[PDB]
Each structure stands twice: as C-alpha cells, then as structure tokens.
Amino acid sequence: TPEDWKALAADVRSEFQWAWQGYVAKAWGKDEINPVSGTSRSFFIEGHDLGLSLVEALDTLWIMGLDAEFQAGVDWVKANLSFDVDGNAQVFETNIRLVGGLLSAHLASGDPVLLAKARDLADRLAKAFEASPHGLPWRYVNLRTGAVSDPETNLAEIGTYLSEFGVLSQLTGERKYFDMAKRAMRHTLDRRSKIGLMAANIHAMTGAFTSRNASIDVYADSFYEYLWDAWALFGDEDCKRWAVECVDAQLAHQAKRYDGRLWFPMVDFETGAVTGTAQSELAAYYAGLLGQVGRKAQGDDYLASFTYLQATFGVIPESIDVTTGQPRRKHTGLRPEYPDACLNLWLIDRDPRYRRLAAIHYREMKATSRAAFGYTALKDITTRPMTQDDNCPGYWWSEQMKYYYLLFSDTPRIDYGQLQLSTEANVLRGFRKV
Ligand SMILES: [Ca+2]
Ligand SMILES: [Ca+2]
Ligand code: NA
C-alpha cells in the first residue's frame, strides 16, 4: 500500500503538539526539557534560562498550523525574554538558535517585537566580532558587559552568521550586520591553501589557522552552507563563487571511498594527506549542500553512505570509523542531519525516494526516542532495546520535526519554491501567510 503522506504529516504534527504539551507542563520558559525525568535544564547560562526550546519551536509550530501554541510561545517571548544578562553566551549557538529562531517567528507573524529582540541580541553578539582586529568573533561574550573569552575558534563558529545577520540587514536597513558576518568568512577564504582548502581551527586575534585539518564535519560544517545560503538569500556573487570553489576543493581532495562508500575524512589542508578516520553523523548535512551547489549525484552518493548506516544500525551512529564503517560511539544526540539532507535534496526535484528514507528515520525516532514527556537522546544504540539518556536538545524543536513535516505535508503555509532554511532549520524565506 502506498504511503499516505498527508496522514504521516498529521502524525508528525500530533507528536509535535504532544511534545509541546510536555514542554509546557515540565519546562515552561526553560531552555530544554529532560523528558524521561520530566525536568528542565539550562543551555546557554546555567541557572539563567532563555526559553531556548520555546524559541526554537516557534516557526515549526506556525508551519504546522499549531496557532494557539505558536501564539502562546510568542506571547511568552514578548513578556519575558531579554538578554541584559551578566553571563557568558556562546556566540555561535546564540546566533543560530535565538537570533535565528526569533527571526523565523518574526517572518511568520510580522510581530515587530520579535525583530526588536533579535536585533538587540545581535548587537550584543557584535561585540565579539569587534573585539578582534580581523572581525573574527571570539567564542563567548558576556551579554551585558561585552567581555569576550576564548579566541581559539573554528570555521563554523566564525562563519555561521551571514544568513541571520543578512536578514537583519534586509529588515532593519542597516548593512552593518551583513558586512560584519561576510568579513569574517572572507578572512578564512583569503587564506585558502593552493589546493583550495581551509584548516578548520582559527585564532580570532592572530587570524591564523591553529591546526592543519580541513574538514566538512564538526568545527567547519555550516561555514560551507552559509556561503551557498548567502547567494540564495542575498544574491551575493562572492558567496556564490566561494561556495562552489570550496565544494570543488573538497570533492577533489576529501572525497574518498572505503568499502565502496563515499566519505569525507579530514585531510591536511595544504597536502591533502588524510589526517583522520572519523566521520560524525553531523556530516550528513553535506549530502544536501552538495545537491544545492549543483553536485547532486555526489550528494546522493554521500546520502547513500548514511542510508547504509541507518539500515545497518537503525539509528545512525554519532560517529563512525570510515575505514570499517562501524560505530565509534554508542550514544546519540537525537540528531537531525539525515532528514536535513533528505529535505534539501527533495526540494530539487521532489523525488519520492527522499520521502521514503525520511519516513524510515521518523519511524525510527518514534521507536527509540519516545519518553514520558517528549523525545530524548540515546545512551546506547547497540543494546536491544536501545537505552535512553534524558534530554531533548533544543535543535529537535526547530529541525527534524519541521523537516519531516515539510517533506510530508505539502503545506500551503510555505512557498516551497522560495523556502530557505538556516543551519538550525529556521525559515528565513518562504512563509505564505494565511
Ligand atoms: Ca545544521
Ligand atoms: Ca542547509
Ligand atoms: Na525555529
């Protein structure tokens, strides 16, 4: 019997609403729910929660037509959320989760307060960029005082701002945000090796690389997304060029086959010698990026490596050894990158294969991660049954339930031709208001 995609979408929505009810009951205004114990935890600043999961959920709720829930969340933000806090926030996570989550909720609703708050937060983050003579952000900033800490940063944490900051520039009229984000990316691109790669680790004050490892994976990942995304969102010609050049260099020097499967291990950024054998589950975003930049066959080949992991292990292992294709770790982070890739590739030509694969992933999530008050990360994927930890990461609220719903629902609330998603799946273009 053919899959009833609309029924599956309705199931995703039902499960999301059920999870939201758990959040309201156990973690209202708090950063994350721990859905096994039915408690909450902080994310950015211990003991000074910022409603993280609530903010992350907002655009998802609106897209699903969970309007009462959306408005309850928006109304909480408007009454309660502020960033004048004497504590250190990680600049990267704060931008993609809170600035981006407020922006997508603003674009869905039109509510000016959500933009005001996004902009206030971005101005606090800007101090981290201003503290570097290169415009490379320090990793942490005190939200009240502007004091910075830890300049030993990485491509992802210097280069995952241009989508949110560029949208701020469009909405506010002030070019400073776009300019600040782009300058940091240009810094590392200008320091590409002769083979077109950047090392993943960089110092905000010296402006120099602090390792020799080029990566598509953790430390680097979303830098490469945001090059393409800035072309798509802003028509930036430099970013269009850079996106394709960077991916070309990765395909030339990092694409390696092991046991017939495509992987992208770390390599020396100048010599191309392989320098690692690990691949994170988090690398699966790259299958979608490959399609976006005009390398779809390569993207499908890379997706197939993760499809192998899903078919073999049920849940994709958090990290694997590329030389054996086996897990390196047994726990998980309830990770969204497989349906991320499926949605991004499906947006190209609507091939139902991607729906098939994402449905496996959703059903596996239901079979493994469901807990009393929501969905949780896993302790051990190798035992039967798989054992659970006790945490619903904030990104779950923005990412995989949205990906599944967008893949299955054909919702009239999104213009699928104009849809743009941040690395946190915040919708930054494509809302069709009712
Ligand atoms: Ca991401
Ligand atoms: Ca992306
Ligand atoms: Na969101």
# chains A, B, ... in the order shown; residues from 1 in each chain; ligands from 1
>>> residues_near_ligand(ligand="ligand 1", cutoff="8 Å", atoms="only C-alpha atoms and all ligand atoms", output="VMD selection string")
chain A and resid 221 to 222 282 285 336 to 337 340 422 to 425
>>> write_last_selection(atoms="N, CA, C and O atoms", output="mmCIF file, in the first residue's frame")
data_model
loop_
_atom_site.group_PDB
_atom_site.id
_atom_site.type_symbol
_atom_site.label_atom_id
_atom_site.label_comp_id
_atom_site.auth_asym_id
_atom_site.auth_seq_id
_atom_site.Cartn_x
_atom_site.Cartn_y
_atom_site.Cartn_z
ATOM 1 N N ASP A 221 31.530 22.461 9.135
ATOM 2 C CA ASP A 221 30.233 22.254 8.511
ATOM 3 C C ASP A 221 29.473 23.493 8.001
ATOM 4 O O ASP A 221 29.415 23.738 6.793
ATOM 5 N N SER A 222 28.834 24.231 8.902
ATOM 6 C CA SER A 222 27.896 25.253 8.467
ATOM 7 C C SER A 222 28.534 26.466 7.802
ATOM 8 O O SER A 222 27.825 27.216 7.130
ATOM 9 N N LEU A 282 26.903 14.240 12.065
ATOM 10 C CA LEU A 282 26.581 15.622 11.765
ATOM 11 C C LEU A 282 27.027 16.015 10.359
ATOM 12 O O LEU A 282 26.538 17.010 9.823
ATOM 13 N N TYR A 285 24.563 16.655 6.722
ATOM 14 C CA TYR A 285 24.061 17.875 6.084
ATOM 15 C C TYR A 285 24.700 18.056 4.702
ATOM 16 O O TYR A 285 24.081 18.649 3.803
ATOM 17 N N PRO A 336 19.497 15.532 13.712
ATOM 18 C CA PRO A 336 18.581 15.807 12.603
ATOM 19 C C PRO A 336 19.180 15.780 11.196
ATOM 20 O O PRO A 336 18.453 16.084 10.243
ATOM 21 N N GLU A 337 20.480 15.497 11.039
ATOM 22 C CA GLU A 337 21.110 15.805 9.751
ATOM 23 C C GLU A 337 20.667 14.901 8.597
ATOM 24 O O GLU A 337 20.760 15.320 7.446
ATOM 25 N N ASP A 340 17.534 16.462 7.296
ATOM 26 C CA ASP A 340 18.040 17.733 6.731
ATOM 27 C C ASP A 340 18.443 17.492 5.269
ATOM 28 O O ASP A 340 17.949 18.141 4.335
ATOM 29 N N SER A 422 17.882 28.017 7.613
ATOM 30 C CA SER A 422 19.186 28.219 8.229
ATOM 31 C C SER A 422 19.778 26.863 8.634
ATOM 32 O O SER A 422 19.133 25.816 8.483
ATOM 33 N N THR A 423 20.980 26.863 9.210
ATOM 34 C CA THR A 423 21.566 25.593 9.654
ATOM 35 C C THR A 423 20.844 25.007 10.877
ATOM 36 O O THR A 423 21.081 23.856 11.230
ATOM 37 N N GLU A 424 19.992 25.819 11.504
ATOM 38 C CA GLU A 424 19.123 25.427 12.610
ATOM 39 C C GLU A 424 17.690 25.172 12.117
ATOM 40 O O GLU A 424 16.767 25.019 12.916
ATOM 41 N N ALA A 425 17.515 25.146 10.790
ATOM 42 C CA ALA A 425 16.218 24.991 10.126
ATOM 43 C C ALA A 425 15.266 26.145 10.392
ATOM 44 O O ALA A 425 14.067 26.004 10.157
#
>>> closest_atom_pairs(of="chain A", to="ligand 2", cutoff="12 Å", atoms="only C-alpha atoms and all ligand atoms", output="tab-separated table")
residue	atom	partner	partner_atom_place_in_ligand_line	distance
A:160	CA	ligand 2	1 (Ca)	10.9
A:163	CA	ligand 2	1 (Ca)	10.6
A:221	CA	ligand 2	1 (Ca)	9.7
A:222	CA	ligand 2	1 (Ca)	7.5
A:223	CA	ligand 2	1 (Ca)	10.1
A:224	CA	ligand 2	1 (Ca)	8.9
A:225	CA	ligand 2	1 (Ca)	5.3
A:226	CA	ligand 2	1 (Ca)	7.5
A:227	CA	ligand 2	1 (Ca)	10.0
A:228	CA	ligand 2	1 (Ca)	8.4
A:229	CA	ligand 2	1 (Ca)	7.2
A:230	CA	ligand 2	1 (Ca)	10.8
A:232	CA	ligand 2	1 (Ca)	10.8
A:233	CA	ligand 2	1 (Ca)	11.9
A:283	CA	ligand 2	1 (Ca)	11.5
A:284	CA	ligand 2	1 (Ca)	10.6
A:285	CA	ligand 2	1 (Ca)	6.7
A:286	CA	ligand 2	1 (Ca)	8.1
A:287	CA	ligand 2	1 (Ca)	9.8
A:288	CA	ligand 2	1 (Ca)	7.0
A:289	CA	ligand 2	1 (Ca)	6.1
A:290	CA	ligand 2	1 (Ca)	9.9
A:291	CA	ligand 2	1 (Ca)	10.3
A:292	CA	ligand 2	1 (Ca)	8.4
A:293	CA	ligand 2	1 (Ca)	10.7
A:336	CA	ligand 2	1 (Ca)	11.7
A:337	CA	ligand 2	1 (Ca)	9.6
A:338	CA	ligand 2	1 (Ca)	11.7
A:339	CA	ligand 2	1 (Ca)	11.2
A:340	CA	ligand 2	1 (Ca)	7.4
A:341	CA	ligand 2	1 (Ca)	8.0
A:342	CA	ligand 2	1 (Ca)	10.9
A:343	CA	ligand 2	1 (Ca)	9.6
A:344	CA	ligand 2	1 (Ca)	7.2
A:345	CA	ligand 2	1 (Ca)	10.3
A:347	CA	ligand 2	1 (Ca)	11.6
A:399	CA	ligand 2	1 (Ca)	11.0
A:403	CA	ligand 2	1 (Ca)	11.5
A:419	CA	ligand 2	1 (Ca)	11.2
A:420	CA	ligand 2	1 (Ca)	8.3
A:421	CA	ligand 2	1 (Ca)	6.2
A:422	CA	ligand 2	1 (Ca)	6.0
A:423	CA	ligand 2	1 (Ca)	5.2
A:424	CA	ligand 2	1 (Ca)	8.4
A:425	CA	ligand 2	1 (Ca)	7.6
A:426	CA	ligand 2	1 (Ca)	10.1
A:427	CA	ligand 2	1 (Ca)	10.8
A:428	CA	ligand 2	1 (Ca)	11.5
>>> write_last_selection(atoms="C-alpha atoms", output="JSON list (two decimals), in the first residue's frame")
[["chain", "number", "residue", "atom", "x", "y", "z"],
["A", 160, "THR", "CA", 27.60, 30.79, 10.66],
["A", 163, "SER", "CA", 22.07, 34.26, 6.97],
["A", 221, "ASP", "CA", 30.23, 22.25, 8.51],
["A", 222, "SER", "CA", 27.90, 25.25, 8.47],
["A", 223, "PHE", "CA", 30.53, 27.67, 7.13],
["A", 224, "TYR", "CA", 30.12, 25.90, 3.78],
["A", 225, "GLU", "CA", 26.32, 26.01, 4.00],
["A", 226, "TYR", "CA", 26.29, 29.73, 4.68],
["A", 227, "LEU", "CA", 28.33, 30.51, 1.57],
["A", 228, "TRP", "CA", 25.62, 28.95, -0.60],
["A", 229, "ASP", "CA", 22.81, 30.27, 1.55],
["A", 230, "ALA", "CA", 24.08, 33.87, 1.21],
["A", 232, "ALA", "CA", 20.42, 32.12, -2.31],
["A", 233, "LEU", "CA", 19.14, 34.71, 0.18],
["A", 283, "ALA", "CA", 28.36, 15.49, 8.39],
["A", 284, "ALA", "CA", 25.15, 14.25, 6.72],
["A", 285, "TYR", "CA", 24.06, 17.87, 6.08],
["A", 286, "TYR", "CA", 26.72, 17.89, 3.36],
["A", 287, "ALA", "CA", 24.76, 15.47, 1.16],
["A", 288, "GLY", "CA", 22.10, 18.19, 0.86],
["A", 289, "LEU", "CA", 24.62, 21.01, 0.36],
["A", 290, "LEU", "CA", 26.23, 19.03, -2.48],
["A", 291, "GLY", "CA", 22.86, 18.98, -4.23],
["A", 292, "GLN", "CA", 22.23, 22.67, -3.58],
["A", 293, "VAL", "CA", 25.52, 23.78, -5.17],
["A", 336, "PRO", "CA", 18.58, 15.81, 12.60],
["A", 337, "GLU", "CA", 21.11, 15.80, 9.75],
["A", 338, "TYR", "CA", 19.73, 12.83, 7.79],
["A", 339, "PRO", "CA", 16.24, 14.36, 7.24],
["A", 340, "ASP", "CA", 18.04, 17.73, 6.73],
["A", 341, "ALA", "CA", 19.77, 16.20, 3.72],
["A", 342, "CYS", "CA", 16.60, 14.40, 2.57],
["A", 343, "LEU", "CA", 14.59, 17.63, 2.54],
["A", 344, "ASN", "CA", 17.32, 19.63, 0.81],
["A", 345, "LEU", "CA", 17.71, 17.03, -1.95],
["A", 347, "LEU", "CA", 13.48, 20.30, -2.85],
["A", 399, "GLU", "CA", 14.89, 20.79, 12.90],
["A", 403, "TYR", "CA", 11.93, 18.54, 8.11],
["A", 419, "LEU", "CA", 11.82, 28.24, 1.07],
["A", 420, "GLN", "CA", 15.19, 28.95, 2.71],
["A", 421, "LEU", "CA", 16.35, 27.23, 5.90],
["A", 422, "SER", "CA", 19.19, 28.22, 8.23],
["A", 423, "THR", "CA", 21.57, 25.59, 9.65],
["A", 424, "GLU", "CA", 19.12, 25.43, 12.61],
["A", 425, "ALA", "CA", 16.22, 24.99, 10.13],
["A", 426, "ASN", "CA", 14.89, 28.46, 10.88],
["A", 427, "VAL", "CA", 12.82, 29.51, 7.91],
["A", 428, "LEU", "CA", 14.32, 32.75, 6.61]]
>>> residues_near_ligand(ligand="ligand 3", cutoff="7 Å", atoms="only C-alpha atoms and all ligand atoms", output="list in words")
residues 55, 56, 57, 58, 59, 60, 101, 104, 397, 398, 424, 425 and 426 of chain A
>>> residues_around(residues="residue 28 of chain A", least_positions_apart="6", cutoff="10 Å", atoms="only C-alpha atoms", output="PDB file with N, CA and C atoms, in the first residue's frame")
ATOM      1  N   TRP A  20       5.141  19.422  22.706  1.00  0.00           N
ATOM      2  CA  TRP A  20       4.961  20.794  23.196  1.00  0.00           C
ATOM      3  C   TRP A  20       4.202  20.808  24.515  1.00  0.00           C
ATOM      4  N   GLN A  21       3.138  20.012  24.618  1.00  0.00           N
ATOM      5  CA  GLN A  21       2.397  19.933  25.871  1.00  0.00           C
ATOM      6  C   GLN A  21       3.305  19.492  27.023  1.00  0.00           C
ATOM      7  N   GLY A  22       4.207  18.549  26.773  1.00  0.00           N
ATOM      8  CA  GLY A  22       5.175  18.147  27.783  1.00  0.00           C
ATOM      9  C   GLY A  22       6.095  19.289  28.202  1.00  0.00           C
ATOM     10  N   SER A  40      13.694  20.203  33.635  1.00  0.00           N
ATOM     11  CA  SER A  40      14.311  21.091  32.659  1.00  0.00           C
ATOM     12  C   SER A  40      15.786  21.257  32.942  1.00  0.00           C
ATOM     13  N   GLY A  51      14.515  30.421  27.568  1.00  0.00           N
ATOM     14  CA  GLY A  51      13.411  29.855  26.812  1.00  0.00           C
ATOM     15  C   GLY A  51      13.850  29.204  25.507  1.00  0.00           C
ATOM     16  N   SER A  53      14.130  26.195  23.957  1.00  0.00           N
ATOM     17  CA  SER A  53      13.363  25.270  23.136  1.00  0.00           C
ATOM     18  C   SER A  53      12.051  25.895  22.656  1.00  0.00           C
ATOM     19  N   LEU A  54      11.470  26.754  23.498  1.00  0.00           N
ATOM     20  CA  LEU A  54      10.294  27.520  23.120  1.00  0.00           C
ATOM     21  C   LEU A  54      10.602  28.355  21.867  1.00  0.00           C
ATOM     22  N   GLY A  73       3.706  30.771  22.731  1.00  0.00           N
ATOM     23  CA  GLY A  73       5.151  30.949  22.754  1.00  0.00           C
ATOM     24  C   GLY A  73       5.569  32.382  22.441  1.00  0.00           C
ATOM     25  N   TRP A  76       4.860  34.585  25.372  1.00  0.00           N
ATOM     26  CA  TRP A  76       5.865  34.407  26.415  1.00  0.00           C
ATOM     27  C   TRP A  76       7.113  35.202  26.080  1.00  0.00           C
TER      28      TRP A  76
END
>>> residues_around(residues="residue 118 of chain A", least_positions_apart="4", cutoff="8 Å", atoms="only C-alpha atoms", output="MDAnalysis selection string")
chainID A and resid 98:100 102:103 114 122
>>> residues_around(residues="residue 412 of chain A", least_positions_apart="2", cutoff="9 Å", atoms="only C-alpha atoms", output="PDB file with C-alpha atoms, in the first residue's frame")
ATOM      1  CA  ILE A  63       4.203  25.990   9.819  1.00  0.00           C
ATOM      2  CA  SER A 409       2.596  17.866   4.362  1.00  0.00           C
ATOM      3  CA  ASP A 410       2.823  19.956   1.186  1.00  0.00           C
ATOM      4  CA  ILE A 414       5.115  27.555   2.789  1.00  0.00           C
ATOM      5  CA  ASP A 415       6.069  28.660  -0.701  1.00  0.00           C
ATOM      6  CA  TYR A 416       8.301  25.674  -1.367  1.00  0.00           C
ATOM      7  CA  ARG A 432       2.858  32.244   2.930  1.00  0.00           C
ATOM      8  CA  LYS A 433       0.655  33.939   5.500  1.00  0.00           C
ATOM      9  CA  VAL A 434      -2.989  32.879   5.791  1.00  0.00           C
TER      10      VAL A 434
END
>>> residues_around(residues="segment 210-218 of chain A", least_positions_apart="5", cutoff="9 Å", atoms="only C-alpha atoms", output="compact mmCIF listing (two decimals) with C-alpha atoms, in the first residue's frame")
# COMPACT_ATOMS: atom_id res chain seq x y z
CA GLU A 152 40.61 29.66 19.73
CA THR A 153 37.69 29.20 17.42
CA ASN A 154 36.79 27.43 14.19
CA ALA A 156 31.67 27.08 11.96
CA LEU A 197 41.06 24.19 1.46
CA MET A 198 40.95 25.94 4.83
CA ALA A 199 42.00 24.41 8.12
CA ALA A 200 39.01 24.18 10.46
CA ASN A 201 40.61 25.79 13.53
CA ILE A 202 41.42 29.51 13.61
CA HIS A 203 42.51 32.11 16.15
CA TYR A 224 30.12 25.90 3.78
CA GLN A 250 36.53 19.13 -1.05
CA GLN A 254 38.49 14.96 0.65
CA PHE A 264 34.89 12.88 3.51
CA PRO A 265 37.59 12.35 6.13
CA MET A 266 39.77 15.21 7.39
CA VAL A 267 42.86 15.97 5.36
CA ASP A 268 45.87 18.20 5.65
CA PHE A 269 44.66 21.49 4.21
CA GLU A 270 47.83 22.00 2.13
CA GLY A 272 45.70 16.60 1.05
CA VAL A 274 44.30 12.02 5.13
CA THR A 275 44.61 13.08 8.78
CA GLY A 276 41.65 11.31 10.36
CA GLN A 279 33.07 10.83 10.35
CA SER A 280 30.38 12.36 12.54
CA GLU A 281 26.68 11.82 11.91
CA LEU A 282 26.58 15.62 11.76
CA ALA A 283 28.36 15.49 8.39
CA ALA A 284 25.15 14.25 6.72
CA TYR A 286 26.72 17.89 3.36
>>> closest_residue(among="A:144, A:356, A:175, A:384", to="residue 408 of chain A", atoms="only C-alpha atoms")
A:356
>>> closest_residue(among="A:204, A:310, A:193, A:236", to="residue 138 of chain A", atoms="only C-alpha atoms")
A:204
>>> closest_residue(among="A:68, A:304, A:7, A:381", to="residue 318 of chain A", atoms="only C-alpha atoms")
A:381
>>> atom_distance(atom1="atom CA of residue 4 of chain A", atom2="atom CA of residue 417 of chain A")
22.9 Å
>>> select_by_dssp(residues="segment 115-194 of chain A", states="strand (DSSP E or B)", output="compact mmCIF listing (two decimals) with N, CA and C atoms, in the first residue's frame")
# COMPACT_ATOMS: atom_id res chain seq x y z
N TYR A 140 32.86 33.32 23.07
CA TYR A 140 31.93 33.66 24.13
C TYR A 140 31.93 35.15 24.36
N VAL A 141 30.75 35.68 24.70
CA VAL A 141 30.62 37.08 25.05
C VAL A 141 29.66 37.21 26.23
N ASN A 142 29.96 38.13 27.13
CA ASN A 142 29.04 38.45 28.20
C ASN A 142 27.93 39.32 27.61
N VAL A 148 34.76 39.43 26.29
CA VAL A 148 34.93 38.24 25.46
C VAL A 148 35.84 37.21 26.12
N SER A 149 35.68 35.96 25.70
CA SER A 149 36.56 34.90 26.13
C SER A 149 36.63 33.82 25.05
N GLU A 152 40.15 30.82 20.49
CA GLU A 152 40.61 29.66 19.73
C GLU A 152 39.36 28.95 19.17
N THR A 153 38.96 29.48 18.02
CA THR A 153 37.69 29.20 17.42
C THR A 153 37.86 28.37 16.14
N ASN A 154 36.85 28.38 15.28
CA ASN A 154 36.79 27.43 14.19
C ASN A 154 35.87 28.00 13.10
>>> closest_atom_pairs(of="segment 338-364 of chain A", to="segment 370-375 of chain A", cutoff="12 Å", atoms="only C-alpha atoms", output="CSV")
residue,atom,partner,partner_atom,distance
A:362,CA,A:370,CA,11.2
A:363,CA,A:370,CA,10.6
A:364,CA,A:370,CA,9.9
>>> write_last_selection(atoms="N, CA and C atoms", output="PDB file, in the first residue's frame")
ATOM      1  N   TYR A 362      11.914   8.988  10.668  1.00  0.00           N
ATOM      2  CA  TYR A 362      10.885   9.409  11.610  1.00  0.00           C
ATOM      3  C   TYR A 362      10.368   8.222  12.424  1.00  0.00           C
ATOM      4  N   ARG A 363      10.045   7.122  11.745  1.00  0.00           N
ATOM      5  CA  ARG A 363       9.537   5.962  12.453  1.00  0.00           C
ATOM      6  C   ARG A 363      10.570   5.416  13.435  1.00  0.00           C
ATOM      7  N   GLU A 364      11.846   5.467  13.074  1.00  0.00           N
ATOM      8  CA  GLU A 364      12.885   5.010  13.978  1.00  0.00           C
ATOM      9  C   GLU A 364      12.988   5.921  15.202  1.00  0.00           C
TER      10      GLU A 364
END
>>> residues_around(residues="residue 27 of chain A", least_positions_apart="4", cutoff="8 Å", atoms="only C-alpha atoms", output="list in words")
residues 22, 23, 31, 32, 33, 38, 39 and 40 of chain A
>>> select_by_dssp(residues="segment 131-370 of chain A", states="alpha helix (DSSP H)", output="PyMOL selection string")
chain A and resi 155-158+162-172+176-189+221-234+237-253+285-292+296-313+337-349+352-369
>>> atom_distance(atom1="atom CA of residue 66 of chain A", atom2="atom CA of residue 333 of chain A")
25.9 Å
>>> closest_residue(among="A:303, A:72, A:407, A:246", to="residue 24 of chain A", atoms="only C-alpha atoms")
A:72
>>> atom_distance(atom1="atom CA of residue 168 of chain A", atom2="atom CA of residue 94 of chain A")
14.9 Å
>>> closest_residue(among="A:321, A:111, A:84, A:157", to="residue 185 of chain A", atoms="only C-alpha atoms")
A:157
